[PDB]
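Trainee: any chance you could fold what I've pasted below:
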Amino acid sequence: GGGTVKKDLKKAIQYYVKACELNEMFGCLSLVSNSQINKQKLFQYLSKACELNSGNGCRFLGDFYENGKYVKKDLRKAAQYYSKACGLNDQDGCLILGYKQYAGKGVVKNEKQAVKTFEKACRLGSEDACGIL
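Mentor: Numbering: from 1, shown residues only. Right below this line is the structure:
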(Lines give C-alpha, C1' and ligand atoms only; values in the text may rest on other atoms or scores of the structure.)
Protein backbone atom coordinates (compact mmCIF):
# COMPACT_ATOMS: atom_id res chain seq x y z
CA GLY A 1 0.00 0.00 0.00
CA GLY A 2 2.87 2.40 0.46
CA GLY A 3 4.28 2.13 -3.09
CA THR A 4 1.13 1.94 -5.19
CA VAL A 5 0.26 4.35 -8.07
CA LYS A 6 -2.19 6.03 -5.61
CA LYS A 7 0.62 6.85 -3.21
CA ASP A 8 2.73 8.29 -5.99
CA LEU A 9 -0.35 10.42 -7.08
CA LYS A 10 -0.71 11.71 -3.54
CA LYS A 11 2.86 12.67 -3.58
CA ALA A 12 2.56 14.52 -6.89
CA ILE A 13 -0.11 16.84 -5.48
CA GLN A 14 1.64 19.60 -3.83
CA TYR A 15 3.95 19.57 -6.86
CA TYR A 16 1.21 20.23 -9.31
CA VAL A 17 -0.59 22.61 -7.08
CA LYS A 18 2.53 24.77 -7.39
CA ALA A 19 2.92 24.24 -11.06
CA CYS A 20 -0.79 25.19 -11.60
CA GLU A 21 -0.48 28.37 -9.48
CA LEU A 22 2.55 29.45 -11.51
CA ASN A 23 0.71 28.54 -14.79
CA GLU A 24 3.56 26.18 -15.92
CA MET A 25 2.73 24.02 -18.92
CA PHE A 26 0.29 21.23 -18.08
CA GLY A 27 0.41 22.07 -14.39
CA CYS A 28 -3.40 22.61 -13.72
CA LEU A 29 -4.17 19.89 -16.28
CA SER A 30 -2.15 17.47 -14.14
CA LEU A 31 -4.29 18.47 -11.10
CA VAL A 32 -7.40 17.91 -13.04
CA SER A 33 -6.18 14.42 -14.01
CA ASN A 34 -5.00 13.43 -10.59
CA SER A 35 -7.69 10.82 -9.23
CA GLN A 36 -6.36 11.25 -5.67
CA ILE A 37 -7.65 14.80 -5.56
CA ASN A 38 -11.35 14.96 -4.78
CA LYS A 39 -13.41 17.64 -6.67
CA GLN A 40 -13.76 19.88 -3.65
CA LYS A 41 -9.99 20.16 -3.16
CA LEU A 42 -9.55 20.57 -6.90
CA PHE A 43 -12.00 23.50 -6.86
CA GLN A 44 -10.05 24.97 -3.98
CA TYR A 45 -6.77 24.52 -5.75
CA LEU A 46 -7.98 26.02 -9.12
CA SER A 47 -9.64 28.89 -7.23
CA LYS A 48 -6.40 29.79 -5.48
CA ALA A 49 -4.45 29.49 -8.79
CA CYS A 50 -6.90 31.74 -10.62
CA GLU A 51 -6.63 34.26 -7.77
CA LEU A 52 -2.82 34.14 -8.38
CA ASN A 53 -3.56 35.04 -11.92
CA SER A 54 -2.85 31.65 -13.36
CA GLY A 55 -4.46 31.74 -16.78
CA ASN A 56 -4.78 27.91 -16.89
CA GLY A 57 -6.20 27.95 -13.36
CA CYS A 58 -9.06 30.28 -14.32
CA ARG A 59 -9.70 28.37 -17.47
CA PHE A 60 -10.24 25.07 -15.61
CA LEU A 61 -12.17 26.71 -12.81
CA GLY A 62 -14.50 28.05 -15.40
CA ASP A 63 -15.48 24.44 -16.30
CA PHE A 64 -16.77 23.68 -12.85
CA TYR A 65 -19.46 26.43 -13.29
CA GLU A 66 -20.09 25.63 -16.90
CA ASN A 67 -20.68 22.01 -16.01
CA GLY A 68 -22.52 22.45 -12.75
CA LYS A 69 -21.67 19.00 -11.40
CA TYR A 70 -19.63 19.90 -8.36
CA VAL A 71 -21.07 23.38 -7.87
CA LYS A 72 -24.33 24.82 -9.00
CA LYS A 73 -24.26 25.51 -12.79
CA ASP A 74 -23.69 29.07 -13.49
CA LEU A 75 -22.94 30.10 -17.14
CA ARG A 76 -22.38 33.67 -16.26
CA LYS A 77 -19.76 32.94 -13.60
CA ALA A 78 -18.22 30.33 -15.98
CA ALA A 79 -17.77 33.00 -18.60
CA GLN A 80 -16.27 35.44 -16.11
CA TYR A 81 -13.48 32.94 -15.46
CA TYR A 82 -12.98 32.15 -19.16
CA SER A 83 -12.78 35.88 -19.79
CA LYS A 84 -10.31 36.35 -16.90
CA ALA A 85 -8.29 33.50 -18.42
CA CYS A 86 -8.34 34.99 -21.87
CA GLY A 87 -7.27 38.39 -20.35
CA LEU A 88 -4.28 36.42 -18.90
CA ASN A 89 -3.41 35.19 -22.40
CA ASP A 90 -4.80 31.67 -21.95
CA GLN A 91 -5.13 30.11 -25.31
CA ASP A 92 -8.11 27.77 -24.40
CA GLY A 93 -9.63 30.57 -22.30
CA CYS A 94 -10.01 32.85 -25.29
CA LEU A 95 -11.16 30.05 -27.62
CA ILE A 96 -13.94 28.96 -25.16
CA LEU A 97 -14.95 32.53 -24.55
CA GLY A 98 -15.44 33.14 -28.24
CA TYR A 99 -17.82 30.21 -28.57
CA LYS A 100 -19.81 31.60 -25.59
CA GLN A 101 -19.92 35.10 -27.05
CA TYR A 102 -21.03 33.85 -30.46
CA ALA A 103 -23.90 31.80 -28.79
CA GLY A 104 -24.79 34.17 -25.95
CA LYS A 105 -24.12 31.35 -23.43
CA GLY A 106 -23.69 32.97 -20.00
CA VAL A 107 -22.83 36.31 -21.75
CA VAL A 108 -24.59 38.75 -24.09
CA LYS A 109 -24.69 37.35 -27.55
CA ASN A 110 -22.19 39.29 -29.61
CA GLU A 111 -20.71 37.92 -32.85
CA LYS A 112 -18.54 40.96 -33.46
CA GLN A 113 -16.98 40.63 -30.02
CA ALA A 114 -16.69 36.88 -30.58
CA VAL A 115 -14.75 37.36 -33.83
CA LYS A 116 -12.26 39.59 -31.98
CA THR A 117 -11.90 37.04 -29.18
CA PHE A 118 -11.26 34.36 -31.81
CA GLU A 119 -8.57 36.55 -33.48
CA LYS A 120 -6.84 36.70 -30.11
CA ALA A 121 -7.15 33.00 -29.49
CA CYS A 122 -5.65 32.47 -32.97
CA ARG A 123 -2.80 34.88 -32.18
CA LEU A 124 -2.14 32.83 -28.98
CA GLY A 125 -1.76 29.61 -31.01
CA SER A 126 -5.29 28.20 -31.31
CA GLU A 127 -5.44 26.57 -34.67
CA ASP A 128 -9.19 25.96 -34.31
CA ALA A 129 -9.67 29.72 -33.75
CA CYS A 130 -7.54 30.48 -36.75
CA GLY A 131 -9.66 28.12 -38.80
CA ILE A 132 -12.97 29.43 -37.64
CA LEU A 133 -11.74 32.85 -38.84
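Trainee: flag every buried residue along whichever helix in the chain runs longest.
Mentor: Longest among the helix segments of the chain by residue count, using DSSP state H, is helix 5-21. Neighbour counts over helix 5-21 (16 or more other CB atoms under 10 Å) mark 9, 12, 13, 16, 17, 19, 20, 21 as buried. All C-beta atoms are positioned from the backbone trio N, CA, C, and that covers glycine.
Trainee: just the closest of these to residue 45, please.
Mentor: residue 17 (5.2 Å; CB to CB).
Trainee: who are the contact partners of the closest residue to that closest one other than its chain neighbours?
Mentor: Using CB to CB, 6 or more residues apart in numbering and skipping residues adjacent in sequence, the residue nearest residue 17 is residue 45, 5.2 Å away. Residue 45 makes contacts with 17, 20, 31, 37, as judged by CB atoms under 8 Å, 6 or more residues apart in numbering.
Trainee: and residue 10, by the same measure?
Mentor: Counted by CB under 8 Å, 6+ apart, residue 10 has contacts residue 36.
Trainee: do the same with residue 130
Mentor: residue 122.
Trainee: quick check, nearest of the buried residues of helix 5-21 to residue 103?
Mentor: For these, the nearest to residue 103 is residue 20 (28.3 Å; CB to CB).
Trainee: excluding chain neighbours, what is closest to the closest one?
Mentor: Residue 20 sits nearest to residue 28 (CB to CB, 6+ apart), 3.8 Å away.
Trainee: can you report how many residues neighbour the one you found?
Mentor: Residues lying near residue 28 (other CB atoms under 10 Å) number 28.
Trainee: same thing with the one 4 residues further on?
Mentor: Number of residues near residue 32 (other CB under 10 Å) recorded here: 17.
Trainee: now it: closest residue in space that isn't a chain neighbour?
Mentor: Per CB to CB, 6+ apart, closest to residue 32 is residue 60, 5.8 Å.
Trainee: what helices and strands are in contact with the one helix or strand residue 122 maps to?
Mentor: According to DSSP states H and E, residue 122 maps onto helix 111-123. In terms of contacts (3 or more CB pairs under 8 Å, 6 or more residues apart in numbering; DSSP states H and E), helix 111-123 is packed against helix 75-87, helix 91-103, helix 127-132.
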